[PDB]
Structure formats: structure tokens, C-alpha cells
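Trainee: with the input below, show me the fold.
(3 chains)
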Amino acid sequence: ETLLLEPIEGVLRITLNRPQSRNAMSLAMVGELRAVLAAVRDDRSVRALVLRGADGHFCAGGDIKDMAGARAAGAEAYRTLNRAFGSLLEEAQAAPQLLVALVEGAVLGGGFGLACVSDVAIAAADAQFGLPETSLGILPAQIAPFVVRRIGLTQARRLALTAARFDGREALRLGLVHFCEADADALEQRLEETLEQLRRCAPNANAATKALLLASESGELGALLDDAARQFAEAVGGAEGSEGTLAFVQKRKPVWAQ
Amino acid sequence: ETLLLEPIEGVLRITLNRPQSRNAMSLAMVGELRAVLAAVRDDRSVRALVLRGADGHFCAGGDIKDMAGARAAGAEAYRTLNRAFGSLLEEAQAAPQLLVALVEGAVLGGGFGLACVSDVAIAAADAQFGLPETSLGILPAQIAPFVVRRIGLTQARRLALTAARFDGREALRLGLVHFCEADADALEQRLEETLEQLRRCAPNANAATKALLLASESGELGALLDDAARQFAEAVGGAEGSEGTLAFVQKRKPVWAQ
Amino acid sequence: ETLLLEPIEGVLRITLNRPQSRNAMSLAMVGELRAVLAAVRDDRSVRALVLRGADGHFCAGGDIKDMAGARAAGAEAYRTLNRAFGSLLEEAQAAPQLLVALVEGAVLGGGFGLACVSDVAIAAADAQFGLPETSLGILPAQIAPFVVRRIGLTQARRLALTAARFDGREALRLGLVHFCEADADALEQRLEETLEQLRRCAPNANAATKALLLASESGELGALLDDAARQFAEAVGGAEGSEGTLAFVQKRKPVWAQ
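Mentor: Residues are numbered from 1 along each chain as shown, chains lettered A, B, ... in the order given. Below is the structure in question.
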């Protein structure tokens, strides 16, 4: 495998583990990230995924050798390979779980895309972010809509057309990540606090809320509200909602937060 | 009512007034707010709305007594009453008036909802914002589209899926509110400043302008511009754009600014 | 002619030159800026455009001699000329070139609009921005969708409906421009730093990326990704890209960067 899975309680830790290449995205880790996501998709015991790069780097891009190797197969193999990386962005973005990305060192090209589809991104102040693609003659093609949705067209355009590079303090200022920490100790503390907040929140409740936020663009407003109101009733009447509102009234923690 | 109405000239102040429950939205209060908004919707003598909470809290969420009462009527009651709270947000968001929110203390759940549909929000630094909904097994269902519109998916996903509390200074940073003041004299000065800026501005112009902006979120650009051009022509030549452009070439205030 | 044009290698400078009306957008200027854009649209040797205003002023808005005289002509004249200014905004927004704006002095109404469609805006701390339209009884009708996209509904609704004015530093905090500097020597220096980052990026790659970016904001995700992935294979297969990947794997700069 190219990942290292450490399932603890309802938190699944996923480390990108090719430190030689700064955990660059080989073709297979795309396959292997997509299958883990697919494996936990319906699993409400899996409450949160934590995404980290091994050895001080999140992800420096798509793997050099594999992409070199790909020419032998031709441009139609680049399409469906590219699109399959697109599908990882869709499936990671739509993951019912809370996706925390812990980002240090290099966060470039497709590593940057991956950061764009997290619910929570925690950055090391000296991490370096960027979209090299066009200086290399090529396209941040699958990332494009996800960076727009991340930081807004105004910052995405500049970053993509000038290949500008920047640190975690700047990725924070640009609304690309939620937190920026000085060193490792403070990353983890930030990470553990984030996981304690998450523990307060119900997993079916989180999944449906998420789907609503994601859908809230598409998307005529009135119809979205009609449907949201149905989903709200369903949640109130289900096992999670009755426990959670009962817990509130009885001034206790709900089951999932014990 | 559950409200106190204060109409000073062109400014209708509206105070949520159930201080006992930190001004929780009751079924009655949503009804009254909707009735008031429809009352003035077509009235251009009413140029601004100020939305405020009695006793140092803005609004703490849905009223628990009413949520408790609805279980007796089942899923259909939860749906119909949640959707009507969605109708309040729609009709406040789309009000022809400038809607100013002065938010103090608790700004939670449906409370955080109303803040998200103001043209101008001014918060107390010690205000506490949050979406507790999924920490209770339910959904900020009607809120979802208005919060993603408010601050973007990237911030909304974190607030919603972690039930994070945070203060006024943070709410300014995240783009949730437009000003954060440290005390009540400051909060009030900002309010009256905003209101004097607003009185420069004509009411039919503001109204037309606010609809276009709201339509910009989802409207195909070409056809939106088409319509916008017709509206511009109808503004310049109406009995407001002519007074306005006149006051300008003359060296005086247009009448609405008197 | 209302414009000075100075090409140099890949960059084309365009200076708004009616310094006497604060370079106010006359009917003639609009037609001229449109023709330019159109001549260079398909020309990939023009890699960037730079917009600037003459005599320390960017653009104070719509020329008032031209706007007052248009009243002889009636509603349709205003409609047609307004829609024309929108088309300008459309055509600039969609320029396959990297569009840079340097912004000084007045940036009001119309001028505010051209800034909202640049890829990189660089502002003078002393620049004053604003949307005075409703204070004049009229609408920033064609601006409305571009500023919503620029800075988001939450900020655009307060600027437009209070005719609030703000400086270069504020315009940066609001995300309206990317860079702010205290003096022209610095505005200047930022421009060339910006242009150097760009020369690293290949012009066909940048045109295709910008198109993707522009089509994300509301263009269905799945279809978009399908097509982007086709495009990705072609960039990787073409002249740019094959050269870029090489120069990267090799020690050197690609040709467009030399």
C-alpha cells in the first residue's frame, strides 16, 4: 500500500506514505485513496478521516515516474487517469465523514487539490502551497472547480495563471486553510481540539448536513429548502435526533459524545 | 407581539423580545416577523430595518418548548414548521429595505441564521456564534444555503460539522459580520453611521439593486446583464434617478438624503 | 482615441487617457477597449494586458456629459449603452490574456467594474473605491454580478446599498484587489514581479485554465471534469507541456520562460 491506515475509535488516520517522493501521488494511491473512501462511505462508526503526509511533507504533486511512464500508453490514458484523480476529489469532497487535512511542507499540484476538498485544513506556517501546472505547460484541470469553490475565483485566477507560491500563513489569510500553527506540537494540539469538537457532533447528522451544504449551489433555493425541511424532520425523528435533543434537555452528553 | 416595533421616520427597528429564553425563535415570533416584513415590503417610506435582541442577546435558537410540542404531530409538523422558518430567511434576505443586524451575546442556530441574511451585521466582540444543530443530532437545514452564501463553503463546512463556538472578532474575520465593536456606545455609533450612509441612498434604487445582486449568485450572466440593462434605463429616467443625477450636477443633496 | 497602447514583447499596456474627466468612461472608450480585446483575443503572443489610468487616476465612473446628453435619446439608448458596458466587462473578464490592473485615484462605479474583472489588481493605498449609484438614484446594474463574484454577496451587498467608500488597504482586506502598495515606485515594482511570475507560465495553458476557472462557478461538476480531463490530455500531449515537463525533468527553464 501507499497509505498507512490507523483506525482509532471513530477516527481513521490516513497517512500519505511515499516520503522518498514527498508522498507524491502515484497512480496507485489514487486507486487506494478511492477505495478506502468507498470502504468507509456507509460506515457511521467511521466519524472522521485525518489526512497527513509522512515525514514532513503533505503531498508534492502527482508522481513523476508514473506520469513519465504514461506516455507509452498515449493521451487517452492521460484523460481517464486525470479524470480518475478528478473522481478522488469528488469522493473525498462528498465523504460523509469529517475530513481533516494536516498539511506540512509541500502542498503542490494534486496535493493542493486534496487540501481544497477537506472540511478542516491545519497548516504548518512553513508549508509551501502552489499550482505549478502551467509553468510546466499543463492544466490544473480537475483542481480548477475545487479551488474556485475553496478560495473564490478572485484568488484562484491569480494563483493558477501566475503559478504563485506561498506559505501557510498566507494560505490561512487566503481562506485556503482554517488553521496555521508554528510547529508540530501546535499542529497536533490543533488537530486534537478539532477531533474533540467533532466528537460532540452526530455522524448521521453530520453526513446529511454536509450533503446539504455541498448541494446549496446547484441549485434553485426554494426547492433546496423544501427538501432540506424534509431532511430536518427525518433527522428529528430518527435515533440520533431523539437522543441528542433528549440529552440537551436532561443536561447530559449524548451517547456519541461520551 | 413577541416583538417590539420602533418606527423612526424611514427606519423600522425590530427587537426580538423574549429575553427569558434569550429570544428563542418561537413559532409565534417567526409568524410575527414574517407579517412585519410583508407589511413594509412594498413600502418605500421604510428604507431600513434594524434587527435586534432584548437584554444583550440576539437570538439563541429555536424555542425548545415549541420543538417539544411538535413531536405530538410527527414528521409532518417538523417539516412544515422548519420550512416556514426557511420562508422567513428567504423573505428577510430578499427584503427591499436595508436590513441591519445588531448582534449581541447569543447568536446561535436559527439566530445565526438571521444574521446570515442581513445586508449589514454589527456584532459585539463578546457575542457567541455557533451552529449546535448536529451536536444534537439535527440539521442546520434551512440555514445551510444561507451560510454557504454568507461566508462560503470552506468556512461553513467547519462551523456546521464541528458545532464550533466563536466570538465577534472571529465573525468579522470569517466574513460573517461586517463590523465588530468592543462596547455598546461603539456598537451604537457604528449603527447610526451605517444609517446615515444609507440615507444618501434612494429606496427604489437600493431595492432594484439588491434584487440584481441576489440574482447574481445563480443567474446565467448573459441574460442577467440583459435584464440589468433594462433596469438601469428604467432607473435613470424614473423620478429618482432624475432627482438624483440632478442633485449631483447641482451641488446639493438629493431629497431622500435630507 | 482615448487609449495609449504600448506593446512590449508579450505584454500590452493600455492606459485610459482622458485625464481631464479623471479618465471617465466615455462611450468612445468602451468601443475602443472592446476592439483592442477583440484584436488580441486569439493572439497567443500577447500573453498579458496591463490596464492603467493617466495622471494618478484609474477611472471615476461614467462620463457625465455623455450620460446627460443620452437623455435626448430615451430609454433604449441607455439600455443599449449600458448593455455595451456589460459586454466590455464580459469580454475583459474572458480575455485569454492574463489581465492585470494597476489602480490609482478614483475607482468609482464603472471603474470599480473593470477592476472586478482583472486577474490581478494592484492598488494604491491612497486609491478611493465606491459604488455611488443608489446615492444618485441609479443602479450599478452591469457591475452587480461581477462584484458579487469578486468579493462575495455579503460584502457586495453592503458596498452597493450604502454607497460606502473605502481605500486601497480596505479594498485588499475585502479581497477586491490582490496587492496594495504605498507608492507608485512600489505599484511599479509589484507589476514587474507579477509579470515575471507570468512569463514562467505558457500562454495556451493559461488560456485553457482561465476558461475552466470561469466555467466552474456555475457549470455542472461532472460534465466539467469530463471535459477538463480531455483538455488535460491535450496539454500534456501538445507543444507546451511536452516542453514544460521536459525542462522540469531537465535542469532548465522552458522556452516561454527564457
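Trainee: which residue is nearest the centroid of chain A?
Mentor: Centroid-nearest residue in chain A: residue A:118, 2.5 Å away (criterion: CA atoms, centre = their mean).
Trainee: element containing residue A:49, please.
Mentor: Element membership of residue A:49 [criterion: DSSP states H and E] is strand A:48-53.
Trainee: now the residue of chain A found nearest chain C: closest residue in space, sequence neighbours ignored.
Mentor: Nearest residue of chain A to chain C: residue A:137, at 2.7 Å (CB to the nearest CB). The C-beta positions use only the backbone N, C-alpha and C, and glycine is treated the same way. In space, not counting the residues next to it along the chain, residue A:137 is nearest to residue C:244; the distance is 2.7 Å by CB to CB, 6 or more residues apart in numbering or on different chains.
Trainee: that neighbour contacts residue C:254, correct?
Mentor: Yes. With contact defined as CB atoms under 8 Å, residue C:244 and residue C:254 form a contacting pair (4.8 Å).
Trainee: please identify every residue contacting each of those two.
Mentor: A:135-137, C:202 (CB atoms under 8 Å, 6 or more residues apart in numbering or on different chains).
Trainee: which residue ranges of chain A form helices?
Mentor: A:27-40, A:64-70, A:75-93, A:110-116, A:143-151, A:153-161, A:168-173, A:184-199, A:203-215, A:221-237, A:239-249 (DSSP state H).
Trainee: reformat these as JSON lines; add mean neighbour count.
Mentor: Converted to JSON lines, the helices of chain A look like this (neighbours: other CB atoms under 10 Å in any protein chain shown):
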{"stretch": "helix A:27-40", "mean neighbour count": "17"}
{"stretch": "helix A:64-70", "mean neighbour count": "15"}
{"stretch": "helix A:75-93", "mean neighbour count": "19"}
{"stretch": "helix A:110-116", "mean neighbour count": "27"}
{"stretch": "helix A:143-151", "mean neighbour count": "25"}
{"stretch": "helix A:153-161", "mean neighbour count": "23"}
{"stretch": "helix A:168-173", "mean neighbour count": "19"}
{"stretch": "helix A:184-199", "mean neighbour count": "16"}
{"stretch": "helix A:203-215", "mean neighbour count": "22"}
{"stretch": "helix A:221-237", "mean neighbour count": "20"}
{"stretch": "helix A:239-249", "mean neighbour count": "18"}
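Trainee: any chance of those in CSV, plus distance to residue B:114?
Mentor: Output for these, formatted as CSV (distance: least, CB to CB, whole Å):
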stretch, distance to residue B:114
helix A:27-40, 36
helix A:64-70, 50
helix A:75-93, 29
helix A:110-116, 30
helix A:143-151, 25
helix A:153-161, 28
helix A:168-173, 29
helix A:184-199, 24
helix A:203-215, 18
helix A:221-237, 15
helix A:239-249, 21
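Trainee: nearest to residue B:206, of those?
Mentor: Closest to residue B:206 of these, according to CB to CB: helix A:221-237, at 21.3 Å.
Trainee: how about the closest one and chain B, any contact?
Mentor: Yes. Using CB under 8 Å from any CB of the partner chain, helix A:221-237 reaches chain B at A:221-222, A:224-226, A:228-237.
Trainee: so what's residue A:19 closest to, chain neighbours aside?
Mentor: residue A:55 is the one closest to residue A:19 (CB to CB, 6+ apart), at 3.4 Å.
Trainee: show me what contacts residue A:255?
Mentor: A:243, A:247.
Trainee: mind doing that once more with 7 Å?
Mentor: residue A:243 (CB atoms under 7 Å, 6 or more residues apart in numbering or on different chains).
Trainee: can you give me the end-to-end distance of stretch A:245-258?
Mentor: One end of stretch A:245-258 to the other measures 15 Å (CA to CA, to the nearest Å).
Trainee: what's the spacing between it and its chain's center?
Mentor: 29 Å (CA atoms, centre = their mean, to the nearest Å).
Trainee: residue A:200 versus the residue lying closest to residue A:214 once chain neighbours are set aside, what's the distance?
Mentor: Using CB to CB, 6+ apart and skipping the chain neighbours, the partner closest in space to residue A:214 is residue A:94 (6.4 Å). Applying CB to CB, to the nearest Å, the value for residue A:94 to residue A:200 is 23 Å.
Trainee: which one's more surrounded, the two?
Mentor: Neighbour count, other CB atoms under 10 Å in any protein chain shown: between residue A:94 and residue A:200, residue A:200 has more, with 18 against 15.
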